[PDB]
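Before we start, here is the structure in question, set down as structure tokens.
Lettered A, B, C, D, E, F, G, H and I in written order, each chain numbered from 1.
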Amino acid sequence: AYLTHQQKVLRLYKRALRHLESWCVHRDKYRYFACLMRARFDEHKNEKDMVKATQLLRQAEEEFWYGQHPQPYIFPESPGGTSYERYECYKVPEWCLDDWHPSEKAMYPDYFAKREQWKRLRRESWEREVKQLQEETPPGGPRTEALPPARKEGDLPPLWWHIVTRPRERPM
Amino acid sequence: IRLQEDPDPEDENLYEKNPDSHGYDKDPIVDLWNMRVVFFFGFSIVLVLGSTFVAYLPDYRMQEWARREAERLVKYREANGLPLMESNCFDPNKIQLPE
Amino acid sequence: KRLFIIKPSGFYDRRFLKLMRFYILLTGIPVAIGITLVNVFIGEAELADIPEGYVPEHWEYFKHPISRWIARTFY
Amino acid sequence: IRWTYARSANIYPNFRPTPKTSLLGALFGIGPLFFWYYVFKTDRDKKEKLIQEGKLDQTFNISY
Amino acid sequence: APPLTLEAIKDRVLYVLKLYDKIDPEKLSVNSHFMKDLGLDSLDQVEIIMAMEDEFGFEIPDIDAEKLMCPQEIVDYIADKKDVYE
Amino acid sequence: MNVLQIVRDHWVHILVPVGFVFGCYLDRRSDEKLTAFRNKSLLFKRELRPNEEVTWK
Amino acid sequence: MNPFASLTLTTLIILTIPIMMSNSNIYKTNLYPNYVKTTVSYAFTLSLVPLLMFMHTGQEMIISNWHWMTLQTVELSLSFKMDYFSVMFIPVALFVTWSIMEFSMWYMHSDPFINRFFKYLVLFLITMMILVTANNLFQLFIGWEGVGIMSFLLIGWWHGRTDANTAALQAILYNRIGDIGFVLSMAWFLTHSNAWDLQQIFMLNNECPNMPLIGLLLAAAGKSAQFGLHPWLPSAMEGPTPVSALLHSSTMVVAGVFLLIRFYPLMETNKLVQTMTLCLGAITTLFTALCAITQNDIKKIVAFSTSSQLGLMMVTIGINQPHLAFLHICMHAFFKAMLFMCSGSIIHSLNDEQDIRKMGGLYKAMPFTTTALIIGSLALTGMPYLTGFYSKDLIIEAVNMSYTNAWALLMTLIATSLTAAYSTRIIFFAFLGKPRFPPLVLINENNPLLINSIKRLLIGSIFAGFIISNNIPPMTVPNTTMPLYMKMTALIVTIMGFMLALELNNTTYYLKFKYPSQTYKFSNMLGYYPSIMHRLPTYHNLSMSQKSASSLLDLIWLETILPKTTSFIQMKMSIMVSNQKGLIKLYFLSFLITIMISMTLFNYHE
Amino acid sequence: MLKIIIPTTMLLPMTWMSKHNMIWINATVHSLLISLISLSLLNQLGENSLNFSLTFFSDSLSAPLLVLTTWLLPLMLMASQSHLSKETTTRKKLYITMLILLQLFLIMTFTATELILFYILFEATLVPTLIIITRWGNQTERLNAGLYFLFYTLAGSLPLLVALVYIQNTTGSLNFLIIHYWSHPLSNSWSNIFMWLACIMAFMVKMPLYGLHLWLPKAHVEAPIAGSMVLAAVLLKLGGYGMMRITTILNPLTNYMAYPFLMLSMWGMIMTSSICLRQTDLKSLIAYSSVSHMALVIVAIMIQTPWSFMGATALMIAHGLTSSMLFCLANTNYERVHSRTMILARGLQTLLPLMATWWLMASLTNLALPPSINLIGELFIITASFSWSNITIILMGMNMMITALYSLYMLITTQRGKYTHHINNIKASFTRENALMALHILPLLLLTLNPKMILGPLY
Amino acid sequence: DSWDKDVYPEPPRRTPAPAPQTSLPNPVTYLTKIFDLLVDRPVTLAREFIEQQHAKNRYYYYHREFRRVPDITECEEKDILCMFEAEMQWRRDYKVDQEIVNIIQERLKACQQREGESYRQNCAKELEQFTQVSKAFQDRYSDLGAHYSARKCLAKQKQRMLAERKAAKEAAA
């Protein structure tokens, strides 16, 4: 939505230090230069001229865009990292398990029985949670992708199934 | 409603009726028989013995007879010392080339 | 601990793969036995010179017995 | 489905013959074809010119 | 790797805030909302979540980085992102 | 054994086989008209056997 | 007709059994990795006997087995040629992959498709030992893509990783560029020399193989990842570690170099072609090493070190040194394979982290892994009397001691100094430092699978060249009278490169900070090649396919010239014909005209 | 001869008089049996073609295609009994009647001894295919597609009719043996060029070359599964068979007139394969790939070199079997997703593990990966073309380069990658689909052991 | 031996007698030794069993021989009855000549491994024999077209002595 200025500098602060970490590498240097980088950040904290803050921002990332490490440091699980969706090929959607042959389903009776319960809740909760959504939908369509919780008791929050039943990040 | 029509029918799952469905038709017993027909007269009759048929087909293109004529021809040819195989094929002595 | 792993049903694939190993081998081993058996029973013909006063049979001009039999029965 | 339509069918009905399309079609049409014709023609015009006069070697070339 | 559980996360979590010298140990609570009671500047909040990032080895997106605010809520977002349920 | 019905629903299985049986018949009938140069090409022409009269049927 | 010929062929038939057993699906779905490892182990032990028969006698076989099919004057037949090159590559390749197989179990102790993984390795392994052993060019061509496609699947082992498919697609594409050269040499040899068996080609003494050798050269460059066709190998790190430790380290990538070694007798007769062989090897040595010393991923460092080695290999084949090149293949097989599993050791144990900036202090944490890496690093640099010395020190002396391109000769020396440079970078950042990994330490190497695998390869690297050099017959001309100033160059440059690299590396310990030098901005980005040459040509050809080609011609013009124009012409004049007025007056007037023209004007009467 | 024809036509009453639900069974039983009998026909003698009568004869070229067509016949029945199950019995019987009547015409055409007899059922094959494409086709543009396919070949076939009868009135009979033995050097008189053009363009249209290939994408995409395979696995080869028979009386005019077709073909394959690299429809991508492979045959046949002919037949069988498999691949995932866009159903390997394998080996065969017959076909053509001219390898090899990219492009886009979340109807693959797939791929590898069977008369 | 030595001339093998001086045991000898009583002998025992079974019921087969027939240079114009024997006989000789080139090619390829590093000069006889055959083969069937027929082969040949005799007239001067 409104990417306000304070979020921008925090994003500037976070990624610049991450790049700065990729440069000093050694912890003592990283700690040292972060503190001075910290100091030169908060020293100019008193500007009633928000435009001047933007102007001070305009040359900031340009130096960063020169100061950026050509190979920054990313934890492998993150996008660009070595272990990005490495285990995606293993995770399979839960609905596919309904296809399983009865002999295969018989191999896991109680878990499949517990699946039946989950199928039961999602059935009546769907009507309940869709009814809650319609009765509280803002006029002229949704304004933000944010989703309301379950206002009353007992009912589940709307559109909960896929997030709750999402395959685990480490499926093997 | 434009025309009095029918909604698009839902694709029936052959598995949900009979989990041992073989995707050949609806009725189970013939489905199991369709299994037997396609695999028997497919893999078994045609693929196995058919492969042996073509593999063990008699001399095709005279590939080995041509060989057997070759060594007897070449052994004769260098026995006399004359060139191994003539550059000419239709003996020019009987050719009656114009002028 | 040990927790349920989700996986697409392999039963239909497993049954199907078992079917080739049944139906292909159904004629596989008897044929493999037969091809070997004729190679341990009557062997391979040798290149014999054409005897006088007798032109051979049409199928006789082959060394492998199966090829001769195929020529005898079909061509 | 809009993307597939716009990239499969909704081209010719929206196509209009213009010098930009006309020249581009000719440039990427007859252009490369005649270019390759010229290249292979001269190459096939240099090859036989060698062998009628015996200026090329195929002493071991039999399986042509 | 042994299954890291929520008790392990919080033990590792408040360990680092106790480490952080501006967060002195005595007033550490699992629900210690940073600037309301610790007085911790929000410009250092973007600095502690990357401290969490190296602590557990992964990236916290910026969308919830500024939302990741309470030490209990620090653990709360850690658990589901690694399906830590035990 | 339901024979009155098993033939009704399985008499189609015999048409194609007899078609192949029929197919060889015309195959072995048309060739007779094509006799002509039977044992007449000098490449294959040779003395007849004492009992056999037709070299290739 | 000794057991040599019979049992050197049965070696191949041994490794085929795990594939056939797997397809039965009765195969042990639990201990399959143990099954295949022991199978490769026996194939290795069998592979010794042809070797011990070789250095004693020196006989090399040609096994023209079952005749596939005969083409008039061509007799394409499955034929195996047990040359000295093949009789020794078989044991070392088996020995390396057997070591990899033991390491693979420990590394992939959690992969659900582990049995499929091991099956792929054998199929690759099968495809290679029919590549090295290939009496005819066709079965040599069989492996040349059998290994390539096996690389594609193995690289894309993690199917979901979008980049892995991109790297997998990249590998086959760059390989396919080389196959254009391969098939070009194929066509020439069949058209001119009327064969594909290596015997007839050599006997027909094609001493002017300008187009063939160029075709062979292009085939090698794609397979061995030379300049212009290198970046697929550095991008092939997205595959799993044992995959890269076997294929893209010392076994698959070296196939391109092995091609010219097969065709060395025709290679030396020409003078022009070997010039750009050592030219291509020279430029490859820098650019791979130049980008090597600036990367921050161990997999990136090691692979660039490999491509620098294969850059050096073709320098040897440049100036008439095929046998020493094959020697370098054997040595490169030992220590280079070790470095990857050593790096794989620290990767998996330290929570699958591959950024060289996060290790440090691992010397005491992993005494064996650190011990293994430093021996491998010294072997790669060419420490005397240990592995690389028997090949690299001979090569650097050899290329210096010959009539070569002056620039090409200088090129190898900078590479050798740069070879030590990144070697120090690995030992410095990874081991000689302070811990930088996440606080929870799970450092571990005590698993016997890792210990046995590394030690098995380690003791091989220790002696290595001493056994091979002393055992193989002296089959190259040994240069003797070297001026001492250049005979030390093999040791001077690497020791020199050690000093500056060490000084530059611990300059990071110095508190001073410097903004990126433009040279670093160039070297660290893979030498600026992937950023442009993988984005500019790909966009144009793709944009040509959609904008022009399909849309412009296939869906607009080709449907307008012939079909639509005729349809438009027919419709436009069909309407005017059918558009009649229905008044007899107009129709009868037409008859009067029709009578008039027919009678007189059209001369129908006369 | 008649041992294959009568059983084929006698199969027609069987389907019409079979039980209500046994039609698929009994047809499949004997369609496989016919292939077995046709497999016996595959034997060939040394040099004389296997001649049966004035009406029918077979050589080393017709027999591999004959066994291919009869072998195909069960496969459409196998591949069609999924979208026709909910149809009235008469329409199912009428559908089955179309294929076997079509399959009858192919057997007659390849075995024909007289060019006119070859010509009559050369056109007769279209009538059943036009019915199949239009009636049972599942789309809207099938109507225009049927018109495009029908009119294109007719526009080329009718000039052949005038050409063929001209040979009859000038050189007596058009029997293949008599025309081959009494061949005369065709002059370069400006009429003989138009004589040459008429005798060639008919096969050119139903052998899609660049420019005259726009009927193929609309025909292949819009036709049902059975129609797509038959039109791509045997029908395109009808043009190929025509040339090997008909260029007997087109030399040395073929030496000079080949250039415009060679230039259109060699450049066309690069263009068409480029289209494959950016196709949105999976069936269209497979269709355009057929253009590239067929365009490769165009160069092969028009060169008129022993090696070129041998590779021409090799690619002829290999491409047909492979394209039939790929159309099965596209058909097998289509009804699951009910759309043809490639990117709609990604990551199918995770959901369907065996289809990943089947689609994998389908890609390798289309890749001309050695030693698949596709490689033998392509590699043979490369050497023949290279001897013709050295430059063509640049065009020739670049096609193999582009062929690698698009062939794997479908694999990565569909099989590999992240599964699309919204779809939930993908059921475990029916064993019929799996069996049909192995029915295709397995004989291809079986043929690898005996290339001599499919090399052709030049062998 | 099954094949003929004249067709496949094999120069006698010069195998040196083993004469080692080093005292430590020569391993390779042992590997051949333990191979002999583990693989070679059991193979031989099975082989002598199959051979005696084969000779128990021995069935024969001969080699088909085609007698000479009038070829195309004396076959009357048109008259395809005579053309058939002419064409078939010529095509039979084509396959024989193709096999003749094959026999030479194997002999040439056999020298390569047989002569080892001496291949360049030891079997120059093999090289010239193939050169003589390949050149003669070119004058016989090369560039005949994919639709080659005995008429074309006669046609191509008839040009050869046409140019040759024309050259002979020029040479005579």
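The criterion applied here is as follows: a contact is a pair of C-beta atoms (placed from the backbone, for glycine too) under 8 Å apart; a residue touches a chain by one contact, two chains touch by 3 or more.
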Tally the contacting C-beta pairs at the D-H interface and at the C-H interface, and name the larger one.
D-H
Could you say which chain's mean Cα position falls nearest to the mean Cα position of the entire protein shown?
G
Where chain B and chain C are represented by their mean Cα positions, the distance between them in whole Å:
16
Once you find the CA centre of chain C and the CA centre of chain F, what distance in Å lies between them?
27
Centroid of chain H to centroid of chain I, CA atoms only: how many Å?
38
Calculate how many whole Å lie between the centre of chain D and the centre of chain F, each centre taken as the average of the chain's C-alpha atoms.
54
Among all residues of chain E, which ones touch two or more of the remaining chains?
57
I need the residues of chain A touching at least two other chains; which ones are they?
74-75, 85, 88-89, 92-93, 96, 99, 101, 172
Write out all the pairs of touching chains, ordered by chain label.
A-B, A-C, A-E, A-G, A-H, B-C, B-H, B-I, C-G, C-H, C-I, D-G, D-H, D-I, E-G, F-H, F-I, G-H, G-I, H-I
Okay, in this complex, where on chain G does chain C touch?
24-25, 112
Could you pull out which chain E residues touch chain A in their complex?
41-43, 46-47, 50, 53, 57-59, 62, 65-66, 81-83
Per the touch rule above, chain A residues touching chain B in the complex are 99, 101-102
Quick one: which bits of chain D touch chain G in the complex? Just the residue numbers, please.
7-8, 11-12, 15, 17, 21, 24-25, 28-29, 58, 60-64
Chain E touches which residues of chain G in the complex?
351, 353, 438-440, 442
